[PDB]
*Asks:* 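One structure follows; several queries about it will come next.
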2 protein chains.
Amino acid sequence: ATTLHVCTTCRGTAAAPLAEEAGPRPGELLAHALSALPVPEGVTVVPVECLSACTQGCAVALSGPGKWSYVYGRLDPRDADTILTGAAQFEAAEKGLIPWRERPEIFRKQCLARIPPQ
Amino acid sequence: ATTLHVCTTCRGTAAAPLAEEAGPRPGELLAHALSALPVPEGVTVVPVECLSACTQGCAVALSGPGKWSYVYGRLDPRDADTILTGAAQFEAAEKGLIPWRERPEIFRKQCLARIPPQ
Ligand code: FES
Ligand code: FES
């Protein structure tokens with residue numbers, strides 16, 4: 001059982017005083033993109049108000065009983081399909097530990113933290 | 001029950017090509033400082049090799065059954081006693097949610113991620 005938490009408040013990493021306007025929050029756009037796609041077996045997408053990774057939006061988290069927990073950031077709504085593929089690999093992997101060379105590039109380069117299984 | 005993971009591999013946030021080399025890695029020193037200090041009830045200090053927060057050393061994580069998980073970074077070995085105090089407040093708070101203004105400054109400003117309870 002894999003849970004993919006997606007922050008719905010996240011703003012992008014652009015400099016707010018310099019960036020052009022707002023619109024819907026990227027985290028909200030990412031959440032919607034994740035919900036439009038087929039959710040893999042074993043994965044459940046759960047929106048959250050904040051993953052305390054605000055400086056690295058968009059942020060999502062992967063966790064499950066007996067597995068490592070992961071937080072990834074600096075994501076974009078267009079990463080939704082790769083995120084769900086990653087979440088599937090997370091569900092299949094032993095303890096959530098995906099072999100490094102098999103992880104999507106965003107999981108290798110944009111991981112913010114991991115936590116040992118409870 | 002509360003587990004405080006501490007990364008023993010962490011180096012500081014100083015520019016590696018420009019700095020010095022010191023002695024042991026700061027994450028080692030932080031782990032040793034934590035284990036030498038008295039530990040509040042219900043808290044266990046667990047050394048780990050890496051919390052995948054390497055750009056934000058030193059890194060520690062708090063987790064416990066039914067509680068939010070947290071990762072804090074950019075810590076120093078001298079923070080060990082404040083970290084342990086935070087661990088006690090985390091152990092005492094329902095779901096690990098310490099009242100905001102009661103949290104140590106390091107927990108308010110240097111949290112890298114939080115994950116909802118499993
Ligand atoms: S706004 Fe998304 S992690 Fe805080
Ligand atoms: S070396 Fe400390 S989090 Fe990776």
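All ligand and atom numbering here is 1-based and tracks the order in the structure. Side chains are part of it too, since the values below use all heavy atoms of this structure and drop only hydrogens, waters and symmetry mates. Proteins get letters first, then strands, A, B, ... in listed order; numbering begins at 1 in each.
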*Asks:* Can you name the atoms of ligand 2, numbered from 1 with element, that are less than 4.0 Å from a heavy atom of B:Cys10?
*Replies:*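 Those of ligand 2 that fall under 4.0 Å from B:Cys10 are 1 (S), 2 (Fe), 3 (S).
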*Asks:* Name the orientation class of the two ring planes belonging to A:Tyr72 and A:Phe107 (parallel below 30°, tilted from 30 to 60°, perpendicular beyond 60°).
*Replies:*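 Parallel, since the angle between the ring planes stays under 30°.
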*Asks:* Do any of the N/O/S atoms of B:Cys7, backbone or side chain, fall under 2.8 Å from atom 2 (Fe) of ligand 2?
*Replies:* yes
*Asks:* So is A:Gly57 close enough to ligand 1, meaning a heavy atom under 4.0 angstrom away?
*Replies:*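 So A:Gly57 does not count as touching ligand 1.
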*Asks:* Going by heavy atoms, is B:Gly27 under 4.0 Å from ligand 2?
*Replies:*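 No, B:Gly27 has no heavy atom closer than 4.0 Å to ligand 2.
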*Asks:* Keeping the roles fixed (side chain from B:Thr8, backbone from B:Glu28), state whether a donor-acceptor pair exists under 3.5 Å.
*Replies:* no
*Asks:* Give a yes/no answer: is there an N/O/S atom of B:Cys54 under 2.8 Å from atom 4 (Fe) of ligand 2?
*Replies:* yes
*Asks:* Out of all atoms in ligand 1, which are within 4.0 Å of some heavy atom of A:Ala53? Include the element for each.
*Replies:* 3 (S)
*Asks:* Under 3.5 Å, side chain of A:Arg108 to main-chain N/O of A:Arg103, donor-acceptor pair present?
*Replies:* yes
*Asks:* Kindly say whether A:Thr2 contributes a backbone atom to a donor-acceptor pair with the side chain of A:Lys67 at under 3.5 angstrom?
*Replies:* no
*Asks:* Which of the atoms of ligand 1 are close to A:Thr9, meaning less than 4.0 Å from one of its heavy atoms?
*Replies:*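 Reading through ligand 1 atom by atom, the close ones are 1 (S).
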*Asks:* Any atoms of ligand 1 less than 4.0 Å from a non-hydrogen atom of A:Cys50? List them with their elements.
*Replies:* 3 (S), 4 (Fe)
*Asks:* If you count the atoms of ligand 2 from 1 in the order shown, which ones are under 4.0 Å from a heavy atom of B:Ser52?
*Replies:* 3 (S), 4 (Fe)
*Asks:* Ignoring hydrogens, what is the shortest heavy-atom contact between A:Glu102 and A:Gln89? Give both atom names and the distance.
*Replies:* O-NE2, 2.7 Å
*Asks:* Heavy-atom distance under 4.5 Å between the side chains of A:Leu62 and A:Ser69, does that happen here?
*Replies:*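 A side-chain contact under 4.5 Å is absent here.
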*Asks:* Which of the numbered atoms in ligand 2 are under 4.0 angstrom from any heavy atom belonging to B:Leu51?
*Replies:*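 The list of qualifying atoms is 3 (S), 4 (Fe).
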*Asks:* For a quick test of reading the model, state the closest non-hydrogen atom pair linking B:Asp76 to B:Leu30 and the distance between them.
*Replies:* O-CD1, 3.7 Å
